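Undergrad: Before I ask anything, here's the sequence and the deposited coordinates:
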Amino acid sequence: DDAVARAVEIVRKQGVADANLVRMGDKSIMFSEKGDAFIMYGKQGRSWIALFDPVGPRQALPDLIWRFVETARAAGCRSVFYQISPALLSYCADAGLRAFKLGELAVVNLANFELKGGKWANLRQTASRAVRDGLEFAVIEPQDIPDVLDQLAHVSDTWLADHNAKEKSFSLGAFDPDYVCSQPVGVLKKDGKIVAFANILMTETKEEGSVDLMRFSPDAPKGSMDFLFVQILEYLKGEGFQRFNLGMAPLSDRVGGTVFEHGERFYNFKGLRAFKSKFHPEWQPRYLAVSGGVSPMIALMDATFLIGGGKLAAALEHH
């Protein structure tokens, strides 16, 4: 009785790459009546928190959203939609939810991207140095990931240790073998070993691609992150994709400050905004929507606890 595998079937058929986060298995799933759309969500504090836009055909969305919001209310909890797109603002408002800007998503139009055409000098130069340093890129399909799982784990473990970092959840994936083997990975190799990898989040519609995990061993040279992103970008472009999402960046007032702190905590694991700006991306806003007139502060703190695994040790270091 695997709700997750059923949700994956819906993911494959739509265009939102980040809906693949359902594959982590740590989110509950609520299906539409016809079974053609779903909301994946978590529970934290007195909140039910949906992750991203509801997934599936737009026609299923108003009843599905309403079911989610009413089910949370019946359980004594507020309802939250975490990191929704502009196209969901009207649907969420029609269910009584107010939206607040969370940050912006960096999106690369793959048709126009031309590494050597003149508009991306910094990335072109960095990619040259990467090749000269001996870095090679490959995409590894799921069934071929077990054979390198020891190398991926080496990269992941040393990355976490290097950054004194702990695994997150909900909106961010973690090095869980079932999840890691479920989607293709892009890897960098040097001197015969993998020194970096990212999972490549795709769908069958070839609209949008993204990455979730992205990690580097101490043997990854400087510029490895730039090169891995460019290499995955070109792979997706070559496979016919329209867009490559590089991830969220923090918001460019107690409300706005809490929003900024939340983004600083969670949006800077695979390059800062300045790194994303090297791709001259389109910046698309994303939102937190909350029921009941509650201030976005409460919902965002619940999301912070939820992504941190139910824990929050301290404020971030700031001067």
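TA: Received it, and whenever you're ready, just let me know what you need. Residues are numbered from 1 along each chain as shown.
Undergrad: give the contact list for residue 66.
TA: By CB atoms under 8 Å, 6 or more residues apart in numbering, the contact set of residue 66 is residue 95. C-beta coordinates here come from the backbone N, C-alpha and C atoms, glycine included.
Undergrad: now with 10 Å?
TA: 91, 94-96 (CB atoms under 10 Å, 6 or more residues apart in numbering).
Undergrad: need the helices for the protein, in chain order.
TA: Secondary structure of the chain (DSSP state H): helices at 3-12, 61-74, 89-94, 121-132, 149-162, 177-180, 224-238, 254-266, 273-277, 296-307.
Undergrad: Give me the distance between the two termini of stretch 5-22.
TA: Distance across stretch 5-22, first residue to last, is 9 Å (CA to CA, to the nearest Å).
Undergrad: Just the buried positions in the lengthiest strand in the chain, please.
TA: In the chain, assigned by DSSP state E, the strand with the most residues is strand 98-109. Across strand 98-109, burial judged by 16 or more other CB atoms under 10 Å covers 98-100, 102-108.
Undergrad: hmm, back to that, of the contacts of residue 66, closest to residue 257?
TA: residue 96 (26.1 Å; CB to CB).
Undergrad: Could you pull up the residues touching that closest one?
TA: Residue 96 touches 65-66, 69, 73, 79, 289-293, counting by CB under 10 Å, 6+ apart.
Undergrad: now with 7 Å?
TA: The contact partners of residue 96, by CB atoms under 7 Å, 6 or more residues apart in numbering, come to 69, 291.
Undergrad: Distance check, it against residue 78.
TA: 11 Å (CB to CB, to the nearest Å).
Undergrad: got it, and residue 88?
TA: 18 Å.
Undergrad: Could you do residue 256 as well?
TA: 20 Å.
Undergrad: Compare these two (neighbour count), which wins?
TA: Remark: of residue 256 and residue 78, residue 78 carries more neighbours, 21 against 12, as counted by other CB atoms under 10 Å.
Undergrad: who's that one bridged to?
TA: Bridge pairing for residue 78 (DSSP bridges) gives the partners residue 47.
Undergrad: Who are the contact partners of residue 194?
TA: Counted by CB under 7 Å, 6+ apart, residue 194 has contacts 148, 151-152, 155, 187-188.
Undergrad: And those residues, which is closest to residue 312?
TA: Nearest to residue 312 among those, with distances taken as CB to CB, is residue 155, at 27.5 Å.
Undergrad: where does the closest residue to that closest one other than its chain neighbours fall, phi/psi-wise?
TA: Leaving aside its sequence neighbours, residue 155 sits nearest to residue 217 (CB to CB, 6 or more residues apart in numbering; 4.6 Å). Dihedral pair for residue 217: phi -80, psi 170, per degrees, to the nearest 10.
Undergrad: that older thread, and for residue 96 and residue 78, which residues touch both?
TA: Taking CB under 7 Å, 6+ apart as the contact rule, residue 96 and residue 78 both touch residue 291.
Undergrad: how about a markdown table for the helices of the chain, with distance to residue 54 added?
TA: A markdown table is the format used below for the helices of the chain (distance: least, CB to CB, whole Å):
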| stretch | distance to residue 54 |
| --- | --- |
| helix 3-12 | 10 |
| helix 61-74 | 5 |
| helix 89-94 | 8 |
| helix 121-132 | 35 |
| helix 149-162 | 31 |
| helix 177-180 | 22 |
| helix 224-238 | 24 |
| helix 254-266 | 22 |
| helix 273-277 | 26 |
| helix 296-307 | 17 |
